[PDB]
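# Geometric and topological summary
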Number of protein chains: 2
Amino acid sequence: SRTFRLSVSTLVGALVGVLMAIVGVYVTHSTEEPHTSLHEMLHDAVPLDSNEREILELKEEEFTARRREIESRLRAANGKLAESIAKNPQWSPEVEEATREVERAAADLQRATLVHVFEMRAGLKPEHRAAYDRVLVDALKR
Amino acid sequence: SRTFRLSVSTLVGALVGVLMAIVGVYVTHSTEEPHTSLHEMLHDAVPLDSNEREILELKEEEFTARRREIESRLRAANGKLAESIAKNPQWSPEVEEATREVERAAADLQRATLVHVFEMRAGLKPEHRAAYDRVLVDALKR
Ligand SMILES: C[N+](C)(C)CCOP(=O)(O)O
Ligand SMILES: C[N+](C)(C)CCOP(=O)(O)O
Ligand SMILES: [Zn+2]
Ligand SMILES: [Zn+2]
Ligand SMILES: [Zn+2]
Ligand SMILES: [Zn+2]
Ligand SMILES: [Zn+2]
Ligand SMILES: [Zn+2]
Ligand SMILES: [Zn+2]
Ligand SMILES: [Zn+2]
Ligand SMILES: [Zn+2]
Ligand SMILES: [Zn+2]
């Protein structure tokens, strides 16, 4: 027996890190892609005669920042999972916790996008809110 | 000089298979987990004094069926991607198509869950719709 396992585990660690990095890119796309189309949909269908555009653009910049910080937390959670499997490559309490922590960051990204979507429609004049709701139904169903 | 490439490609194959396996698990969880909690949340917070329970249970059974069929399409799309890279391990038209097909199945799963969620609240008495909306805000934000 030698430091052979102490380098095989390091490989397992590095390998899971890369796997996670890619999955993480898919996670960030599975949330941003629908939000981007929904944003273009808002500009094309809903007006701004009381200049809600002023308010909305700030709200979006605030969201992109929160999005960036959850994204960072997800890279760190994946990193702690990569490092924990590099210590003990099995379902230990260390991995159990590190996995749930990845699931949480991924969920908190999807939840934050979802709250932003309703936060955006909140900052709209009732006349426009009805038009925003009517275009949501028309696009999701068809 | 040897079947070295015929085992390097097999590594590429196995590696993409693991990537896909994880992505797939994330996809099935990113949709089911919120829906399950949202369903329990409906039963605990919203009543049924006009027996909407009768209607809703049928709507859910119809959804679980559509969910099962999109889920099957996603396993088949991942399978055709696994088999195509096993033929030519590069960005060929075969892979180009098979990848877009995986993306579509994943999106169609998330979209179907989302439409179901609004389809469920549609079949509710206005008195209950307001209670269902008030509990959604309280749970997502906090
Ligand atoms: C070890 N354990 C089985 C009790 C908990 C680990 O979580 P899970 O594998 O049941 O999701
Ligand atoms: C747009 N497209 C995916 C159909 C073709 C573009 O080619 P490629 O950039 O995927 O190689
Ligand atoms: Zn937005
Ligand atoms: Zn107007
Ligand atoms: Zn101004
Ligand atoms: Zn904008
Ligand atoms: Zn979970
Ligand atoms: Zn439901
Ligand atoms: Zn309950
Ligand atoms: Zn009632
Ligand atoms: Zn039920
Ligand atoms: Zn895409």
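Residues numbered from 1 in each chain as written, not as in the entry; some residues may be left out. Chains lettered and ligands numbered in written order. Heavy atoms only, no water. Residues with missing side-chain atoms left out of burial classes, pairs and counts.

In terms of determination method and resolution, the entry is listed under X-ray crystallography at 3.12 Å.

## Overview of the overall build of chain A
For clarity, the cut-off: Per the convention used, a helix needs a DSSP run of H or I reaching at least four residues, while a strand needs a run of E reaching at least two, with both numbered from the N terminus. Each radius of gyration reported is based on C-alpha atoms, and the globular scaling rule is 2.2 Å times the count of residues to the power 0.38. Whether two residues touch is decided by their heavy atoms; if any such pair falls within 4.5 Å, the residues are in contact.
A count of helical and extended segments in chain A gives 4 helices and 0 strands. Reading the helices (α) and strands (β) of chain A from amino to carboxyl end gives α-α-α-α. The C-alpha radius of gyration computed for chain A amounts to 21 Å, which surpasses the reference 14 Å derived for 142 residues by more than 25%, pointing to a less compact arrangement than a globule. Along the first, second and third principal axes, the C-alpha atoms of chain A reach 75 × 30 × 20 Å. Sequence separation of 24 or more characterises 77% of the internal contacts of chain A that already satisfy a separation of 6 or more.

## Considerations on the pattern of salt bridges
Residues and elements named next belong to chain A. Counted only if it meets this: Salt-bridge detection follows one rule: a side-chain nitrogen of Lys or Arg within 4 Å of a carboxyl oxygen of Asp or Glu. Whether a residue is buried, partly exposed or exposed follows from its accessible area with a 1.4 Å probe, protein chains only, as a fraction of its type maximum: under 20%, in between, or over 50%, in that order.
Applying the stated criterion to the full structure yields 15 salt bridges over all chains. One salt bridge in this structure joins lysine 80 and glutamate 83, with 3.4 Å as the shortest N-O distance. Here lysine 80 pairs with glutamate 83, and both are found in helix α2 (residues 53-85), just 3 residues apart, close to one helical turn. For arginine 111, the salt bridge goes to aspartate 108, with nearest N and O atoms at 3.0 Å. Taken together, the residues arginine 111 and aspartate 108, both in helix α3 (residues 93-122) and 3 residues apart, mark about one turn of the helix. The partly exposed category is assigned to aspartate 108, whose relative accessible area is 26%.

## Points about the coordination of the zinc ion (ligand 11)
Residue and element names in this part refer to chain B. Put simply, the rule is: As a rule, N, O and S atoms within 2.8 Å of a metal are its donors, except that Na, K and Ca use 3.2 Å; water is not among the atoms, so sites may look incomplete.
Coordination of the zinc ion (ligand 11) by the protein comes from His39 (NE2), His43 (NE2) and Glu57 (OE), over a distance range of 2.1 to 2.5 Å. Mapping the donors of the zinc ion (ligand 11) onto the primary sequence gives the spacing H-x3-H-x13-E. With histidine 39 in helix α1 (residues 5-45) and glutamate 57 in helix α2 (residues 53-85), this residue pair connects regions lying 18 residues apart in the sequence. Relative accessible area serves as the criterion here: at 33%, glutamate 57 is assigned to the partly exposed category.

## Regarding the relation of the copies chain B and chain A
Our working definition: Copies share a common frame after least-squares superposition on their C-alpha atoms.
Once chain B has been moved 0.3 Å along the axis and rotated by 177°, it coincides with chain A to within an RMSD of 1.6 Å. Interpreted geometrically, this transformation is the action of a two-fold axis. A shared interface surface links the copies, since 89% of the contact residues of chain B are contact residues in chain A too.

## Observations regarding the nonpolar core
To be explicit about the condition: Among buried residues, those of type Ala, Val, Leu, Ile, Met, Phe, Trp, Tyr and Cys that are joined through side-chain atoms within 4.5 Å constitute a nonpolar core.
In terms of nonpolar packing, the biggest core is built from 36 residues, with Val27 and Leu81 of chain A together with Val27 and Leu81 of chain B touching the most fellow members. Mapped by element, the contributors of at least two residues to this core are α1 (5-45), α2 and α3 of chain A together with α1, α2 and α3 (93-122) of chain B. Contact partners of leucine 81 of chain B, with chain neighbours within four places excluded, come to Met20, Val95, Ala98, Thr99 and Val102 of chain B. Of all hydrophobic cores here, the second largest spans 11 residues; its members include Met41, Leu42, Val46 and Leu136 of chain B.

## A closer look at the interface of chain B and chain A
Filter applied, for reference: By convention, the term buried area covers the 1.4 Å-probe accessible surface removed from two parts as they join, with the contributions of both added. Between N or O atoms, a polar contact is any pair within 3.5 Å; within protein, one atom must be a potential hydrogen donor and the other a potential acceptor, and residues adjacent in sequence are included only when both atoms are from side chains. When residues are grouped by polarity, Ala, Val, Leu, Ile, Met, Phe, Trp, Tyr, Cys and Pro land in nonpolar, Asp, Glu, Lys and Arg in charged, and all others, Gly among them, in polar.
At the junction of the two partners, chain B supplies 19 residues and chain A supplies 19 residues. The junction of chain B with chain A conceals about 1,800 Å² of combined surface from both sides, 66% of it contributed by carbon and sulfur atoms. When the buried area of chain B at its contact with chain A is split by residue, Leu19, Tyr26 and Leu140 of chain B rank highest and sum to 30% of it. Taken together, chain B and chain A are joined by 0 salt bridges. Taken together, chain B and chain A are joined by 3 residue pairs in polar contact. Where the side of chain B that touches chain A is concerned, the elements lending two or more residues are α1, α3 and α4 (126-141) of chain B. In terms of residue count, α1 of chain B provides more of the side of chain B that touches chain A than any other element does, 11 residues in total. Among the residues forming the side of chain B that touches chain A, the class breakdown is 12 nonpolar, 3 polar and 4 charged.

## Focus on the packing of α1 of chain A against helix α4 (residues 126-141) of chain A
Residue and element names in this part refer to chain A. What counts here: Every axis in this analysis is a line fitted to C-alpha atoms, fitted for helices over the stretch in contact. Angles between the N-to-C directions lie between 0 and 180 degrees. Should an angle fall under 35 degrees it is taken as roughly parallel, and over 145 as roughly antiparallel, whereas 65 to 115 is taken as roughly perpendicular and any remaining angle as oblique. It is the rotation of the near helix from the far one that decides the hand of a crossing: anticlockwise by less than a right angle makes it left-handed, clockwise makes it right-handed.
One can describe the packing of α1 onto α4 by two numbers: an axis separation of 10 Å at closest approach and a directional angle of 125°. Accordingly, the angle class assigned to the pair α1 and α4 is oblique. As for how α1 packs across α4, the hand of that crossing is right-handed. Residue-level contacts link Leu38, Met41, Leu42 and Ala45 of α1 to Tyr132, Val135 and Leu136 of α4. Here the contact of α1 with α4 is built from residues that sort into 7 nonpolar, no polar and no charged.

## What to know about the side chain of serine 30 of chain B
Mapped onto the elements, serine 30 of chain B comes out in helix α1. For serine 30 of chain B, the side chain forms a polar contact with the main-chain oxygen of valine 27 of chain B, separated by 3.1 Å.

## Examining a nonpolar patch on the surface
Stated formally: Here, patches come from residues exposed beyond 30% relative accessible area and free of salt bridges, joined within 9 Å for like charges and within 5 Å for nonpolar side chains (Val, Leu, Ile, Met, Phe, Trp, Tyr). Areas reported here follow the Shrake-Rupley algorithm with a probe of radius 1.4 Å; residue values treat only the protein chains shown as occluding.
Side chains of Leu114 and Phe118 of chain A together with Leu114 and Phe118 of chain B sit close together on the surface and give an oily, nonpolar patch of about 320 Å² of accessible area. Elements with a minimum of two residues in the nonpolar patch: α3 of chain A together with α3 of chain B.

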